[PDB]
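Inside the fold
So you can see what is in the structure, the chains are spelled out below.
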Amino acid sequence: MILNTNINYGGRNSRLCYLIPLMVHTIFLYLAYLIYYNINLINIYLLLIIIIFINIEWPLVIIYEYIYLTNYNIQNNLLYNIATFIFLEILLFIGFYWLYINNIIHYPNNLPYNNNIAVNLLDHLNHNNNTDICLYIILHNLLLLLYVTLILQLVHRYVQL
Amino acid sequence: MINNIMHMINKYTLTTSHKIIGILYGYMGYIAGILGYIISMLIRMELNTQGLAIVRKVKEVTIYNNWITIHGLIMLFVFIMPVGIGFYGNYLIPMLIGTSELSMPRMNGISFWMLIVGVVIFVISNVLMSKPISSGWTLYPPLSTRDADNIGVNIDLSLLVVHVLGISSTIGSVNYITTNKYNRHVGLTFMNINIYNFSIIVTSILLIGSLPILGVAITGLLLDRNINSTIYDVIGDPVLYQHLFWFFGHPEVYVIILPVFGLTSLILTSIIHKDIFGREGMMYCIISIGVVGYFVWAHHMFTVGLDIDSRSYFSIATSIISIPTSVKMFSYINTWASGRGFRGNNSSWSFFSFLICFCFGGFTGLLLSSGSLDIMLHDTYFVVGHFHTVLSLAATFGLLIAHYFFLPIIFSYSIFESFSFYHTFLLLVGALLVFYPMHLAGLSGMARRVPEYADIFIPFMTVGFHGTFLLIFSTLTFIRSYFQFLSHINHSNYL
Amino acid sequence: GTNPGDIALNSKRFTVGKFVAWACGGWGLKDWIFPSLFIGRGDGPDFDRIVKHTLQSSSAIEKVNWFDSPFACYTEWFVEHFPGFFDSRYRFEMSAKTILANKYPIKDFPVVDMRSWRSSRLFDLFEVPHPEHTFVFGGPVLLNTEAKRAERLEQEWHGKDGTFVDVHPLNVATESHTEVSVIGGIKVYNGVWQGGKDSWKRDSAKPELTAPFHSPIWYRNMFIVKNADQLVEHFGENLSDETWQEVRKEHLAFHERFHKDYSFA
Amino acid sequence: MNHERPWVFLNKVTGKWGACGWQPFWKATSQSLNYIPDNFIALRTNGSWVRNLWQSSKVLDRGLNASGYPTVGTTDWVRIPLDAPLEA
Amino acid sequence: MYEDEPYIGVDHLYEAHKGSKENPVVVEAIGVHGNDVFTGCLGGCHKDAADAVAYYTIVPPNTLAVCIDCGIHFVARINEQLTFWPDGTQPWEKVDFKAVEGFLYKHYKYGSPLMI
Amino acid sequence: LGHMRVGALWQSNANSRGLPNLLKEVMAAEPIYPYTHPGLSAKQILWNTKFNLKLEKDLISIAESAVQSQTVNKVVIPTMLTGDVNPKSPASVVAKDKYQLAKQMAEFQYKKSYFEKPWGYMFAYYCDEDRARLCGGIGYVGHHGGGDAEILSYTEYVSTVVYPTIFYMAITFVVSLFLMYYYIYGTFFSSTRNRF
Amino acid sequence: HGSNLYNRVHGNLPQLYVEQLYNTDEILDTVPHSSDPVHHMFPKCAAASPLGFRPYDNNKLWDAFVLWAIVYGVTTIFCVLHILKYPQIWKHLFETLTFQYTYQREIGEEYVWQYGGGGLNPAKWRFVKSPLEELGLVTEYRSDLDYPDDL
Amino acid sequence: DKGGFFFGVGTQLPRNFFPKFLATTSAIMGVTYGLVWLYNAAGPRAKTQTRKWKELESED
Ligand code: HEA
Ligand code: HEA
Ligand SMILES: CCCCCCCCCCCCCCCCCC(=O)OC[C@H](COP(=O)([O-])OCC[N+](C)(C)C)OC(=O)CCCCCCCCCCCCCCCCC
Ligand SMILES: [Cu+2]
Ligand SMILES: [Zn+2]
């Protein structure tokens, strides 16, 4: 016999409360040292090994908490947090696109070359054409990612049914 | 004993309890506030005296610039958000909705220790390393990136500090939203939650939307410094940097202020023995201020060369955001009437000062909203007067209301009312003597971020000198009062 | 209040504590040179006031069982800080005794303590400092969950008919009752055993074992909860409003000689 | 802390009485919420001395022969303890 | 729309309301035996009582309490959520009082862990 | 390990403080039987208890034998609405004729003398005692309230305090507008003076 | 607070406390029990307030040091590090606050003085002489201190 | 009536607290004003702030 508490996940103490901050601190000081002396204080592979090892704690605790501490309230909390994280990633991409397109939407630009018409056969498409951007391979990669999206959606629905 | 020492360290380092994390946030916030106050006293002593009395060189004014920048950053990011949001947000939010802990308990500890690593990097970079960053809290390029006095790794470490502070705030915001949405006891609808909870929710929504843009801007600065790109150099757009930064910037100030409104409303309900007048109106005004704040960011950029139609639009939007704040002020004034607020309470008198100073600061900032009139008031001491009579005379007094209210509840000892009265009255008078003159100094034409001024501006700085002495007295009284709070009697005899 | 602890070691002119307070906060030369202004009367029991409040009392001081109660250790605090303490306490005890000497079988006694105060904010109902873990076993339960829901509005929100919300089929069956009795050759079906909410009456009172069966005596402690921000009390069946107003007038009239010689400045 | 329980001074020549005792004091600061001050005038007692003084007032004021109680110094004052009610 | 709905019949003029000294409002919480119960109103059970926000209450369990704001008698009480250790050994068919008797005796005498 | 507690019996802690026993608090070191059993000594009380206990046993046995061995002549099944757990109580608590009114008036007079005034005085003492507990610098007693407070209803307050205040505010608004415009420009409708 | 191991082991599911034999902290790393004592936020205050005492007594050196470290420790550490890193700044501050550094002051001159009223208005200002030199406390001004030339 | 002349006990103010408070705060403000005047009359200055310079500059 056990005494049943509220549905809320009470919570456990964990080392992840300081390990992740220490990981961030390590990464940033590693960058600072690489900037100052142009050399690595610790091998990059060793650093990535430490980073990976620190973060293996999440799947273990996840497994053992799903086995024991889970219900629909907890699941809803987790799914809403997942949604907010996806939103944050979308905003990050929006910010970087803002960074990219700032100087491209503003059409006028001071260029080292000529882009007026009737002076050469190709000048009139100098500013409006970056003809090296690997378009064919980009389309191939697009096809690959469409494959992944469609297959994953199909399988997800299939198992859900 | 090793076991006892390890138990204490683990108690304060492995914790995922909202109360413990709240008190940790409060302690760190107060310490950061005191450090910023010390730096501000150094700034004021530099201003109060003629002939570069402290730096003694024109080549060494970079020390003064470091002072202003670190003062701004410390006081904004490390003092008022850890106290306003981190301290009472973690301590109270689960208690008011009748739950045990916030959702994602581990992310709370992660957030606090991210704040701590940020503070550590910042202090070590700006104290133990030579020639720190000297570009104001708005790290405008190319001063931040292409400048002789900004070449060391201290600048890069400061930028990474900004990154970690942003990460911590985002984690806290997500946690608050999730906990308030799903963990309410049965029978409590979403809009019937305590008003402080709603203000925390809207603040969290503000932080989530804007911080990634600041992250992008700061990464742009880092890349300009290190990868030697031209994002913001002569072939770049420093105006682009400003747009990104200020798209983050104004939501930040509304994030700072809204939780103070929530706390003030809660404490008023507690100490006047009457409910808020127009609770629904106050909540809707809070959310309206939160949403409108995302469309006004460029009112900080009326002189960089915006389009004239954009200037008109941004002045219009600033007026729109002015409206709901007026609604809230009227609601407070009518709430206090017909109440039974305690007549000898530091909380009551701090609320009075908060209300008056916030109305004054709001009016001064509404003058700045007009684009045309901002031609004469940009980068003068009028702007400093504005955002100091708001931040340092309204937000601070809201936190003083919370301090003088919640201490008897967190520690279980009453408050020395006369001592606290000395502290609060001298803080009010001393601040009003420092900041108020700035307004009339801004109109006369004095520029900000300068250590040496023309002879025409003597009277303003003499009044500022008077105010600085009063402020020193007041803050010493405050710290001594708190030390006396936790100390037993020191004299006792027989009568 | 405050417990001075050891008076002896704090009376000395020069002390480690006084010097530490001077360095860090709470003491200074202003106390060494001008004690009459910054120490002055100090904080402690007022013997003269205790004597005055004692000698102003009536013979109630003799007839009160206060000095044998567990709260007898607070006699000086309440004699000093509660003018007319003994007469009010005597009225309180005589009220309890007259409730005890009633003719009713159940003697209800009102209980008021620190928990008798309601609040709109949950953190005000805990003892300070707050426990480490709060609301472990869920949050509050609202009494309103035991009231009939707004059926009409509930049907209307869903776009249901709700025409016959007040017209229900009658039910007369033996299968719907679990509590059966035989009363003079009549088999009466009435009620269903619900559980813990059917035994509220017995679990709330304690019997007097010596009282006979034909003259039972039960003791019940009725808790009282109030807002303290209302200014008007509604006791229900326990005390009528007119009686309460009468008691207010009489209480304010009697407890006036204890209050008239002081100013609130 | 431990001092004498409250007593009654009585002046034999003028027959003039009055209660007295040691009342400690200390520098005033913040109080404590979870503490009701105990009996600091008559330590370790249920505070019956108020009742004893109330009962003894009639006897003392009427007039009492104070030859059976110790004197105070070399003056005309005597100490009457309040550990028990006074009846004479 | 609710304040102008009609009463159903004239019973309310004769019967004893819900919340009388003889027909109290009994409510049930979960917790530990003897722990004070958290209960509350949504406000305005009376014309003179506040209704802006919910008002909470801390009350001893299994005792008759009276709210003298509204005048309502209530019986907040606790039922402990004692349940079988959920590790897959729970019983699949009707169980009797013997094993339960042992577990309950141990819980009353010493107590049992919390599902946290 | 220190002093581990033995067993799990009730202890008064932060989460639970128990149900006070006011009777023992009040009747401390004083007997209760002189009030519940006036005029009887301990031996008489015990003898009476024994006699009544045996009598009650006999009556209970008779009643159980009767109810358990009686033939059923009628079956009474009350009417209730479907989905309703229990039937509505057929007892009304309101007097209907004048004789019931007189009966309830006599009961009310007795209850007032013997059950209501005691409650009133106990509650008044409780309020004063709470004041005393919070007095002395511990809490905020005397900072507001008192018996001299002027309590007004919603209608009275809005009619006699709110509207006049807003009226004065409006008049101040207009007067200040005109005076400030004159002060700055030196005219009332012509902008700056000696300029246009 | 004392441990609850007796009740835990004799309780209802003893198998959950077998880990207590291993390296474990009972308050932090053990399953809570229905009979466990209530843990308060600040145990020092929680235990001192009901007795009437404040948590820290200034007479005890350990208490005085602990409270000082809580209230003043970090600020003093920051100030000490700043003084060590920037010793000239505090030297200049000390010189100015003690009337040792006068930028371009001269003996017997009168200097403008005006409290408020906006910018320097010749209809509000006064001129003041140095009381230190009027009282004979100062007769010369130092010239070997640091001087902001090229200002 | 307990406590000192300038301080009370806990959450109680001393008798006539507010007049005393105003008087003491006025005294503190006066002392601080004196300190400001002293630091301006004896602290650093510039050759351009002298009476001769300022009066010759004001005229035109
Ligand atoms: C929340 C933010 C905050 C706070 C609290 C303050 C507080 C103060 N600030 Fe400043 N300040 C800024 C934000 C803040 N400031 C920003 C963003 C800038 C711009 C930087 C830039 O220009 O680049 C700035 C710039 C700035 C300047 C610029 C000078 C120059 O540009 O020419 C000056 C000088 O007068 C100044 C003075 C002060 C003073 C005298 C105080 C205080 O001394 C007055 C009030 C004092 C208080 C007492 C508050 C301290 C509180 C503690 C004691 C902690 C205890 C906790 C609580 C009381 C709850 N500040
Ligand atoms: C928490 C801090 C805080 C708050 C609440 C605000 C609130 C406002 N702020 Fe400001 N602000 C800052 C912090 C804050 N600000 C900081 C730190 C800076 C400097 C950044 C930097 O440059 O370094 C800054 C800079 C800043 C500028 C830059 C000027 C310049 O840089 O050129 C401007 C101008 O548009 C501005 C406007 C406003 C407005 C219009 C409000 C409004 O919210 C105020 C509205 C309030 C009211 C209007 C009061 C209610 C009025 C009534 C009671 C009714 C009256 C109504 C009518 C007459 C219609 N702020
Ligand atoms: C120099 C003027 C005051 C400057 C301070 C103004 C405060 C600014 C707001 C921010 C507060 C910051 C901290 C404040 C610290 C303490 C401030 C302070 O001095 O407060 C106390 C001051 C002065 O209080 P006081 O002097 O009236 O106190 C005397 C009152 N009794 C009887 C209790 C001793 O506060 C106020 O007066 C504000 C409320 C005004 C209401 C006036 C009622 C008069 C009192 C009753 C007398 C009898 C009837 C007279 C008829 C009425 C006609 C006038
Ligand atoms: Cu803004
Ligand atoms: Zn109610």
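The record lists cryo-EM as the method behind this PDB entry and 3.06 Å as its resolution.

In the nomenclature of the PDB entry, chain C is known as COXEG9 of Euglena gracilis. The deposited PDB record carries the title "Cryo-EM structure of Euglena gracilis super-complex III2+IV2, composite".

Per the PDB entry, chain A is named Putative NADH dehydrogenase subunit 6, and its organism is Euglena gracilis.

**Digging into the site of ligand 1**
Residue and element names in this part refer to chain B. Near ligand 1 lie 32 residues; those nearest to it are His 71, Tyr 381, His 388, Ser 392 and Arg 448. At a separation of 3.3 Å, an oxygen atom of ligand 1 approaches a polar side-chain atom of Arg 44. Looking at the shell around ligand 1, the elements that each hand over two or more residues are α2 (18–48), α3 (61–96), α11 (381–410), α12 (417–444) and α13 (458–485). Among the elements that take part in the shell around ligand 1, α3 stands out by supplying eight residues, more than any other. Residue classes in the shell around ligand 1 are distributed as 21 nonpolar, eight polar and three charged.

**Notes on the site of ligand 2**
Residue and element names in this part refer to chain B. Around ligand 2, 23 residues are found, and the nearest of them are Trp 137, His 299, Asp 374, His 378 and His 386. Note that an oxygen atom of ligand 2 is positioned 3.0 Å from one of the side-chain N or O atoms of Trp 137. Contacts to ligand 2 include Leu 368, whose backbone N or O atom sits 3.4 Å from an oxygen atom. Classifying every residue of the shell around ligand 2 by side-chain character gives eleven nonpolar, ten polar and two charged.

**Thoughts on the coordination of the copper ion (ligand 4)**
Expected angles at a metal are 109.5 degrees for tetrahedral coordination by four donors and either 90 or 180 degrees for octahedral coordination by six donors. Residue and element names in this part refer to chain B. In this structure, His 250 (ND1), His 299 (NE2) and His 300 (NE2) serve as the protein donors to the copper ion (ligand 4), at separations of 2.0 to 2.2 Å. All donors of the copper ion (ligand 4) come from a single chain, and their spacing in sequence reads H-x48-H-H. If you look at the copper ion (ligand 4) and the iron atom of ligand 2, they sit 4.6 Å from each other. With relative accessibility at 17%, the residue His 299 sits in the buried group. Residue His 300 is classed as partly exposed on the basis of its relative accessible area of 21%.

**Considerations on the interface of chain E and chain F**
At the junction of the two partners, chain E supplies 16 residues and chain F supplies 17 residues. When chain E packs against chain F, the two sides together hide about 1,200 Å² of surface, and 60% of this comes from carbon and sulfur. By the criterion of area lost to chain F, the three top residues of chain E are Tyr14(E), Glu15(E) and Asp36(E), representing 35% of everything that side buries. If you look at where chain E meets chain F, you find zero salt bridges.

**Section: the sheet that holds strand β4 (residues 180–183) of chain C**
A sheet is described by the order of its strands in space; here three strands give the open sequence β4(C)-β5(C)-β1(F), paired in mixed fashion. Where the open sheet ends on each side, the last strands, each with one partner, are β4 of chain C together with β1 (74–76) of chain F. Averaged over neighbouring strand pairs, the angle between their axes works out to 20° when direction is ignored. In the sheet, β4(C) pairs with strand β5 (residues 186–189) of chain C via four bridges, with the strands oriented antiparallel. Note that in β5(C) the partner of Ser181(C) across the bridge is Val188(C).

**A closer look at the side chain of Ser49(G)**
Assignment of secondary structure puts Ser49(G) in the loop between α2 (43–48) and α3 (61–85). Exposure remark for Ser49(G): the relative accessible area of 0% places this residue in the buried category.

**Considerations on the pattern of salt bridges**
Applying the stated rule across the entire model yields 45 salt bridges over all chains. For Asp455(B), the salt bridge goes to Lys54(H), with nearest N and O atoms at 3.5 Å. One end of the pair, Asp455(B), is in the loop between α12 and α13; the other, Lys54(H), is in helix α2 (residues 51–59), on a second chain. Between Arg220(C) and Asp108(C) there is a salt bridge; the shortest N-O distance is 3.1 Å. Within this pair, whereas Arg220(C) is found in strand β7 (residues 218–225), its partner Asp108(C) is found in strand β1 (residues 106–111), the two being separated by 112 residues in sequence. Among the residues examined, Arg220(C) registers a relative accessible area of 3% and is labelled buried. Since its relative accessible area comes to 3%, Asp108(C) is described here as buried. Linked through salt bridges whose partners overlap, the residues forming this network are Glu110(G), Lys129(G), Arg51(H) and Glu55(H).

What counts and what doesn't
- Residues numbered from 1 in each chain as written, not as in the entry; some residues may be left out.
- Chains lettered and ligands numbered in written order.
- Part of a larger assembly, values for the part shown.
- Heavy atoms only, no water.
- Near = heavy atom within 4 Å.
- Polar contact = N/O pair within 3.5 Å; in protein donor to acceptor, adjacent residues only side chain to side chain.
- Helix = DSSP H or I, 4+ residues; strand = E, 2+ residues; numbered from the N terminus.
- Nonpolar A, V, L, I, M, F, W, Y, C, P; charged D, E, K, R; others polar.
- Donors = N, O, S within 2.8 Å, 3.2 Å for Na, K, Ca; no water.
- Buried < 20%, exposed > 50% of the residue type's maximum accessible area, 1.4 Å probe, protein only.
- Contact = heavy atoms within 4.5 Å.
- Buried area = accessible area lost by both parts, 1.4 Å probe.
- Salt bridge = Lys/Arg side-chain N within 4 Å of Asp/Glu carboxyl O.
- Pairing = 2+ DSSP bridges.
- Axes fitted to C-alpha atoms, helices over the stretch in contact; angles between N-to-C directions.

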